[PDB]
């Protein structure tokens, strides 16, 4: 495989230093630019999947059981518990 531009990110995937050439200027990741590329709303997180926010309604968390449930809002990298 190509050279890990920025070393295989050990916790990024868009954050920076993607390293993994599979994303180095392609998979919404900048391994040569230490950052995420256009189209990527979020590098990663509760409301971050692939290259966009987890469409509102995507349960990312939940307190204990099922009352309000934690759901994404498709407008942020965070998923509110709805509490």
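Method on record in the header is solution NMR.
Keep in mind that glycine also has a Cβ here, set from the backbone N, Cα and C atoms.
Features reported for this protein in Swiss-Prot:
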DOMAIN    2-83  domain 'Disintegrin'
DISULFID  5-34  disulfide bond
DISULFID  5-24  disulfide bond
DISULFID  16-29  disulfide bond
DISULFID  16-34  disulfide bond
DISULFID  18-29  disulfide bond
DISULFID  18-24  disulfide bond
DISULFID  28-51  disulfide bond
DISULFID  42-48  disulfide bond
DISULFID  47-72  disulfide bond
DISULFID  60-79  disulfide bond
Query raised in the report: Quick one: which of these disulfide-bonded residues, 5, 18, 24, 34, 51, 72, have their CA within 10 A of residue 42 (disulfide bond)?
Result: 51
Report task. Measuring C-alpha to C-alpha, could you say which of the disulfide-bonded residues 5, 18, 29, 51 are within 10 Å of residue 79 (disulfide bond)? Result -> none
Report summary line: Using DSSP three-state counts, the residues of the domain 'Disintegrin' (2-83) come to 0 helix, 17 strand, 65 coil
Report summary line: Spatial neighbours of residue 72 (disulfide bond) among the disulfide-bonded residues 34, 51, 60, using Cα within 10 Å, are 60
Query - For residue 47 (disulfide bond), the one of 5, 16, 29, 34, 60 that lies nearest, given that the disulfide-bonded residues are compared by Cα - result: 60
Query raised in the report: Of the disulfide-bonded residues 16, 18, 29, 48, 60, which one sits closest to residue 5 (disulfide bond) when you measure Cα to Cα?
Result: 18
Query raised in the report: Could you state the CA-to-CA distance between residue 28 (disulfide bond) and residue 18 (disulfide bond) to the nearest Å?
Result: 10
Requested in this report: Measuring C-alpha to C-alpha, could you say which of the disulfide-bonded residues 24, 29, 34, 48, 51, 60 are within 10 Å of residue 18 (disulfide bond)?
Outcome: 24, 29, 34
Report task. For residue 34 (disulfide bond), identify the closest of the disulfide-bonded residues 16, 24, 48, 51, 60, judging by Cα separation. Result -> 16
Report summary line: As a whole number of Å, the Cα atom of residue 29 (disulfide bond) is distant from the Cα atom of residue 51 (disulfide bond) by 9
Requested in this report: Can you grab the distance from residue 48 (disulfide bond) over to residue 60 (disulfide bond)? Cα atoms, rounded to a whole Å.
Outcome: 10
